[PDB]
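Asker: One structure follows; several queries about it will come next.
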Amino acid sequence: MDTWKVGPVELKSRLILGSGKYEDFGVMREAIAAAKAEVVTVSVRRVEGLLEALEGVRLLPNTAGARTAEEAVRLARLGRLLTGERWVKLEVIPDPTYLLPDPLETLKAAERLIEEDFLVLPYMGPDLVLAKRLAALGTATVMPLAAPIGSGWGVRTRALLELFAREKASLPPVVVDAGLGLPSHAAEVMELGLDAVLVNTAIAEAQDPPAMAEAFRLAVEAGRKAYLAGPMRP
Amino acid sequence: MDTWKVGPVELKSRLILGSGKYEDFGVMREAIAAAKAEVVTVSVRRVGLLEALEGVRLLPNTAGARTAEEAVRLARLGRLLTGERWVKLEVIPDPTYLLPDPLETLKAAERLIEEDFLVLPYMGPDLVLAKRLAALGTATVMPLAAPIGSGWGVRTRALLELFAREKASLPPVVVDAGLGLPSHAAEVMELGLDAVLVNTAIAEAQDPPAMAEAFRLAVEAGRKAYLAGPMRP
Amino acid sequence: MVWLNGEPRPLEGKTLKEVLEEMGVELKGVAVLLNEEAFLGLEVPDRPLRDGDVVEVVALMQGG
Amino acid sequence: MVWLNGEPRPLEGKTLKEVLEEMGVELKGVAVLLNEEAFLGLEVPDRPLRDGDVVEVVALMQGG
């Protein structure tokens, strides 16, 4: 059918989920199901139930919390043996105020990570140039953020994500994370010809998480078909 | 259980389709089904479609009408031809931008209502005029998203948001004219508005059927997002 | 002189039926407005047209 | 004085298993890092801690 690939992994859903803010693994289990999601990202935190509430999907370990590449490669290693999975969502955020990633740090971490046989999914600013570098490094994806994380502003980074759409064929699969607050947001991104979206705050922070998880599902499907259907021209 | 009523009529799909622009009729019927639509608008004009539209409820319109006298006239002809009680009232004096005449739509709606007509009034994003129409009796109210067929999307969002604010006091609010992409419909639905009326965006697409489904999913997704109570940015 | 669909024609003396037949258009799929009055194709008056008679012959078509 | 999850503790002389038991966590859910060497909770080294060891005990949690 209409399937894409993260490196050697073939996914069908273009809707990836995140396990943040779910007030319990129960409504989380429901949401992940309603979204028909195949992949859900998880963090690696200090030990002060989840692993079984996330069975049925694949686990994507991220290096959230990491302020440097050194701390990033560190969380990735632990994330790898904790899930046994080969891939990781590279994330390097110095100032958690806005949660914006570091260009060079994330670039250096991506290099070391791929030399360690990792499949890097680089969380990054909407930097097409940096995206092209990440792609030449051997990244299986590039994940430009739509807007400040958890903000739910929307596709505030539209003008730049259009360039990603234009250089779609030179980049690895383009997944948009961090910034989406409504399913109409995801649809918009998918109508541009982007490969997938990653939603977290929008679904969990909602009154009816399972319902919203479905909404987002329909929206990624709707947006994707619109693109393949060849929209009319204004 | 998320049905809405146009007068005495209970519909499920919030996605109302239109017949124009379809190259042929085979595609059109593929489109109508792909979207799972039940109400399709048709136009009355001086001298095969009825067969293509079978299965769906015909919504006649007074397109081409420039005055209230012409609109009522066309409505009469549509009543005898469809066999239905409801009608899209469309009074556009000048087809250039295809904007509706507020005073002429008000005049024609008042005539059709006491003439046993179910008025579905095409209008601009005028909330005051909308409250007038509702007080007249019109079964609904349909502010455009932007100039018809432009594909401009939700450019009257600011004022459309006022319609949503005053949801409780109006008939069902159907946004028509403006939407070029499914996400536009999702946006209008997430606002809490009742339904969406799409024509150009589907027929003018490489694959009308495929795009009819996308709009189907989109309008479902947006309506659900609204009911699921979205997060506050 | 009869106004047919906006155009002036020499129809005075003929019946709606006769004209619609010459037009070569089926009666069931159309509606005929004779002078502000709405008639189905199958239910048009038999009275011959007179000078000044305004006639409109419409059908449902795709559009908006 | 071993560093435990960023905190100085008087752990010198004890084993990972011993501390993790006292900690009272299930081993099959945590991963242990000892001075940059990464171990599964169920496979932690049976070596006694040294003054200066840096121990991290991590598990998969929420985030994404």
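Count begins at 1; order follows the chain as displayed.
Positions of Cβ are set from backbone N, Cα and C atoms, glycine also.
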Asker: Given that Swiss-Prot lists B:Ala177, B:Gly178, B:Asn199, B:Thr200 as binding 1-deoxy-D-xylulose 5-phosphate, which residue among B:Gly137, B:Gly149, B:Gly229 does it place in the same site?
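Answerer: Within the candidate list, Swiss-Prot flags B:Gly149.
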Asker: Name, in order along the sequence, the binding-site residues among B:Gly178, B:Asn199, B:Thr200 with a Cβ closer than 8 Å to any chain C Cβ.
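Answerer: Listed binding-site residues meeting the cut-off: B:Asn199.
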Asker: Largest pairwise Cα distance, Å, within the listed 1-deoxy-D-xylulose 5-phosphate binders B:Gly149, B:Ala177, B:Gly178, B:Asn199, B:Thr200?
Answerer: 9
Asker: Cβ under 8 Å from chain A: which of the recorded positions B:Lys88, B:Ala177, B:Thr200 qualify?
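Answerer: Filtering B:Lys88, B:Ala177, B:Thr200 for a Cβ under 8 Å from chain A leaves B:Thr200.
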Asker: Could you tell me the whole-number distance in angstrom separating the Cα atoms of B:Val47 and B:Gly48, on either side of the 8 residues that were not modelled?
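Answerer: Flanking Cα atoms, separation 13 Å.
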Asker: Taking DSSP as the reference, which of helix, strand or coil describes B:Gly178 (1-deoxy-D-xylulose 5-phosphate binding site)?
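Answerer: In three-state terms, B:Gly178 (1-deoxy-D-xylulose 5-phosphate binding site) counts as coil.
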Asker: How many Å separate the Cα atoms of B:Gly149 (1-deoxy-D-xylulose 5-phosphate binding site) and B:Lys88 (active site, schiff-base intermediate with DXP)?
Answerer: 17
